[PDB]
Structures are given as structure tokens and as C-alpha cells.
Amino acid sequence: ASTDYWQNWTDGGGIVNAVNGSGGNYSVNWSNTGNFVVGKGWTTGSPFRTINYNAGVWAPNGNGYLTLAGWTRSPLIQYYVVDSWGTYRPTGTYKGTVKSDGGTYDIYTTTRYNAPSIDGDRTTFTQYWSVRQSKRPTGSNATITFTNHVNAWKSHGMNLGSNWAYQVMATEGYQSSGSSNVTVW
Ligand SMILES: O[C@@H]1[C@@H](O)[C@H](O[C@@H]2CO[C@@H](O[C@@H]3CO[C@@H](O)[C@H](O)[C@H]3O)[C@H](O)[C@H]2O)OC[C@H]1O
Ligand SMILES: O[C@@H]1[C@@H](O)[C@H](O[C@@H]2CO[C@@H](O[C@@H]3CO[C@@H](O)[C@H](O)[C@H]3O)[C@H](O)[C@H]2O)OC[C@H]1O
Ligand SMILES: [Zn+2]
């Protein structure tokens with residue numbers, strides 16, 4: 001299935017100029033921001049989906065992630081598969097590693113308290129991460145075989161919720177400027 005979801009959230013800090021391009025294409029140009037998440041993908045995430053993308057521009061200046069990003073409810077979990085980043089490589093409680101799509105990823109968990117989620121301004125949730133041990137080259141067609149992540153996570157006690165929300169290939173930033181241009185299919 002083609003992408004059917006456009007994610008465009010900013011906490012309102014700085015400038016986040018997001019363009020919803022044709023098909024699965026988007027771009028972001030941002031300046032001195034708070035937190036934001038922009039991307040294209042699917043209204044309902046699947047654990048069996050292979051996400052394809054091509055990041056024609058990946059130019060964070062400061063903290064930004066180029067990442068699969070999604071949520072589940074029941075329970076409320078946010079998840080990431082981080083392929084590249086800027087000045088900050090996100091880490092947490094180390095769980096193990098997983099190999100997928102030509103890369104090796106570290107597996108981490110973190111928890112957020114009284115923080116914004118898909119359920120409100122001030123909620124508590126767990127975050128599951130696969131973070132690539134080195135930045136993935138950008139500019140060619142790339143794949144995230146998400147089932148590999150889901151399976152590794154499960155084997156390390158990290159179960160996703162039963163009610164799947166959005167699933168996008170995102171540009172996320174915090175306290176940064178930058179430019180990205182990504183197509184997703
Ligand atoms: O940032 C932009 C890039 O994302 C863009 O890359 C192209 C993205 O689409 C790719 O085409 C897909 C190939 O596989 C098929 O199954 C899909 O249906 C196609 O959408 C194409 O190969 C990439 O070149 O290039 C322009 C950049 O600005
Ligand atoms: O459409 C917008 C919604 O998607 C938005 O919902 C969520 C708001 O909180 C965001 O959560 C943060 C994501 O980035 C992480 O680093 C932080 O730890 C999270 O707090 C979430 O991604 C959004 O989907 O609400 C506003 C709507 O306009
Ligand atoms: Zn393992």
C-alpha cells in the first residue's frame with residue numbers, strides 16, 4: 001500500500017516548514033526548533049511492513065533523527081528505527097543488538113513521564129528503539145524490514161501493543177536547524 005498518512009507535529013518552538021509533496025515525498029526545513037516530527041507513512045502501522053525510502057537530503061544541524069517512528073496503544077508505546085541522526089545518537093537502557101537491512105542496530109528502552117503522546121499533553125509511555133551503530137548512507141533506495149526489529153524486540157521482552165496507530169518514515173528534531181527531503185513507499 002502507498003502511503004496514506006501525513007505526520008506534521010511541532011511543539012511550536014522555532015520554525016518547522018513542512019511540505020506535503022506528491023506521492024510519498026515530503027521535505028522539511030527547520031530553524032532553532034523545540035521538538036517536532038514530520039513524515040509520511042500509514043495510518044495503521046503493521047509489524048509485517050517493509051518500509052522503503054530514499055532520503056535525497058539529510059542535513060540536520062544539531063539534533064535530528066531520520067527514523068521509522070510509530071505508536072501502539074494497549075499499551076501506549078512509541079517505537080523507533082533510527083537510520084541516521086545529527087549531533088546526537090539516541091541511546092537508553094541497552095537490551096541487545098539486531099542485524100537488518102545491511103546494518104547492525106543497538107536495542108534500547110526509555111520511559112517518558114508527563115510528556116506529549118498521541119494520547120495527550122502529559123502522559124507516561126515507554127519508548128522502544130533500534131538505533132543503527134553507524135549512520136546509514138542516504139541518497140539511495142533503502143529498506144527497513146520492520147519485522148526483524150519487532151522480532152528482536154519481542155525476544156528481549158519488548159512487546160508492542162495490540163492497537164496500532166501511525167507508522168511513518170520521519171524527520172524528528174529537537175533544538176536544531178536543518179533540511180530533509182524523503183520519499184516513502
Ligand atoms: O529526496 C528525493 C528522493 O526521495 C527521490 O528518490 C526517489 C524516490 O522514489 C524512488 O522510486 C521508487 C522506486 O521503487 C518503486 O517501487 C517505487 O514505487 C518508487 O516510488 C526513486 O528510485 C528515487 O530516485 O529523488 C528525489 C529526491 O528529491
Ligand atoms: O497530528 C499531531 C499529533 O501527531 C500529535 O501527537 C503526538 C504529540 O506528541 C508526539 O510525541 C513526541 C514525539 O517525539 C518524541 O521525541 C517525544 O518524546 C514525544 O513526546 C507524537 O510524536 C505525536 O504523534 O499531537 C498534535 C497533532 O497535531
Ligand atoms: Zn538479542
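Note that ligands are numbered from 1 as they come in the structure, with each ligand's atoms numbered from 1 the same way. Residue numbers count from 1 along this sequence. Values below: all heavy atoms of this structure, side chains included; hydrogens, waters and symmetry mates excluded.
Applying the side-chain hydrogen bond (donor to acceptor under 3.5 Å, both in side chains) test between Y53 and each of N141, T143, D83 identifies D83 as the sole match.
Closest to atom 27 (C) of ligand 2 among all protein heavy atoms lies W9 CD1, 4.1 Å. Nearest protein heavy-atom neighbour of atom 1 (O) of ligand 2: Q7 OE1, 4.5 Å. Considering only non-hydrogen protein atoms, atom 16 (O) of ligand 2 sits nearest to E172 OE2, 2.5 Å. Shortest contact from atom 5 (C) of ligand 1 to any protein heavy atom: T183 OG1, 3.9 Å. Looking only at heavy atoms of the protein, atom 18 (O) of ligand 1 is closest to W185 CD1, 4.2 Å.
Taking the ring centroids of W129 and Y80, they lie under the 6.0 Å cut-off.
Residue contacts with ligand 2, taken as heavy atom pairs separated by less than 4.0 Å, involve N35 solely via side-chain atoms from C-beta onward. Contact annotation: for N141 versus ligand 1, heavy atoms closer than 4.0 Å belong to the side chain alone. Looking at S117 against ligand 2, only its backbone comes within 4.0 Å, counting heavy atoms.
Ring-plane geometry between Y88 and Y65 is classed as tilted, the angle between the planes lying from 30 to 60 degrees on a 0 to 90 degree scale.
Nearest heavy atoms, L66 versus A55: CD2-CB, 3.9 Å. Taking both residues in full, the closest heavy atoms of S117 and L76 are given as OG-CD2, 3.8 Å, listed atom of the first, atom of the second, then distance. In plain terms, the two heavy atoms of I107 and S130 that are nearest each other are CG1-OG, 4.3 Å.
Using a 4.0 Å cutoff on heavy atoms, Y80 counts as a contact of ligand 2. By the 4.0 Å heavy-atom criterion, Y174 is excluded from the residues contacting ligand 2.
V82 and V182 sit in two unconnected hydrophobic clusters of ILVMFWY residues. Membership requires side-chain heavy atoms under 4.5 Å apart, directly or through other members. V150 and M169 fall within a single hydrophobic cluster, where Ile, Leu, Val, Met, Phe, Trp and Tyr side chains are chained together by heavy-atom contacts under 4.5 Å.
In the vicinity of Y166, heavy-atom distances shorter than 4.0 Å reach the ligand 2 atoms 21 (C), 22 (O), 23 (C), 24 (O). The atoms of ligand 2 that sit less than 4.0 Å from any heavy atom of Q127 are 18 (O). Numbered from 1 in the order shown, with element, the atoms of ligand 2 that lie under 4.0 Å from a heavy atom of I118 read 7 (C), 24 (O).
Of the polar atoms of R112, at least one N or O is found under 3.5 Å from an N or O of ligand 2, judged by distance alone. Among the atoms of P116, some N or O lies under 3.5 angstrom from an N or O of ligand 2. Where the criterion is an N or O separation shorter than 3.5 Å, residue side chain and backbone included, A55 fails it with respect to ligand 1.
Distance check, rounded to the nearest 0.5 Å: OG1 of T145 to CZ of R49 gives 13.0 Å. Atom CZ of residue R73 and atom CG of residue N163 lie 6.5 Å apart, to the nearest 0.5 angstrom.
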Determine whether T124 and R112 satisfy the following criterion, side chain to side chain contact (heavy atoms under 4.5 Å, CB included), listing intermediate values before the conclusion. CA-CA 5 Å; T124 292; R112 298 277 265 114; over 6 Å; no
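We find that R132 and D101 are not joined by a salt bridge, their nearest charged nitrogen and carboxylate oxygen being 4.0 Å or further apart.
Not a single protein heavy atom sits closer than 4.0 Å to atom 25 (O) of ligand 1. Remark: atom 13 (C) of ligand 1 lies closer than 4.0 Å to at least one protein heavy atom.
At a cut-off of 3.5 Å, with distance as the only test, a side-chain donor of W71 or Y166 sits close to an acceptor on the other residue. Side-chain contact of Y5 with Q167: a donor-acceptor pair under 3.5 Å is absent, judged by distance alone.
Looking at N181, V182, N54 and measuring to atom 28 (O) of ligand 1, the nearest heavy atom belongs to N181.
Within the protein, the number of N/O/S atoms found under 2.8 Å from the Zn ion (ligand 3) is 1.
Sorted by first and then second residue, the ring-ring contact (aromatic ring centres under 6.0 Å, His included) pairs with a member in residues 90-122 read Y105-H149; sequence neighbours excluded.
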